[PDB]
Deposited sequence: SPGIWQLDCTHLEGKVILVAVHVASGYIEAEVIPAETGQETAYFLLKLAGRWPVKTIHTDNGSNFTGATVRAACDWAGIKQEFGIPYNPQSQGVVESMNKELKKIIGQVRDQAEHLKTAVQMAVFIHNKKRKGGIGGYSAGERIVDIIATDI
């Protein structure tokens, strides 16, 4: 579980948002991508894998997660792919936060990263951003 991630692709304002959820912590990373292609998903995954121990990703079967460029990035980074309502829980939570801050950002992409911040930093002892590093740190 220290290295299991859920990745999903959702749409806001007629744009594409890539969402990665570290299932065990609820930590989120997200980005607005130019297009729903394997190329952009491979880039995102490569960045994700250089930050965190990414061992397995669960995605749906869209052409952007099964394409050739995604398969190669996962081979190179050493990530096994597989093809829950955890995704939907997070997409809804993220959309709600984006809606609440959107007026403070010239562009969607900025609002997305504001919402990711707000999500990862909020406490209830241990935010999701604190939980992910504690999970990993413990795994060493």
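Colleague: Could you give the ranges of the deposited sequence that carry no C-alpha coordinates?
Modeller: Counting from residue 1, the stretches without coordinates are 84-91, 133-136.
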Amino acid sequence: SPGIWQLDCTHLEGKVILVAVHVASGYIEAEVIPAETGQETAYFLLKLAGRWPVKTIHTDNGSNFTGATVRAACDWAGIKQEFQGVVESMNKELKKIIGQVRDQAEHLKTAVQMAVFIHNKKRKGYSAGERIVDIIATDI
From here on, numbers count along this sequence of modelled residues.
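Colleague: Quick check: 60-68 versus 93-101, which has the larger average CA B-factor in the record?
Modeller: 60-68 has the higher mean C-alpha B-factor.
Colleague: Identify the stretch, either 9-17 or 125-133, whose C-alpha atoms have the larger mean B-factor according to the entry.
Modeller: It is 9-17.
Colleague: Please pick out which of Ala115, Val86, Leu108, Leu45 has the largest Cα B-factor as recorded in the entry.
Modeller: Among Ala115, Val86, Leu108, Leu45, the highest C-alpha B-factor in the entry belongs to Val86.
Colleague: Sorting the chain's CA B-factors, does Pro34 end up in the lowest, middle or highest third?
Modeller: For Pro34, whose C-alpha B-factor we compare with every modelled residue in the chain, the answer is the highest third.
Colleague: Lowest, middle or highest third of the chain for the C-alpha temperature factor of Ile79?
Modeller: Within its chain, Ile79 is a highest-third residue by C-alpha B-factor, going by the deposited values.
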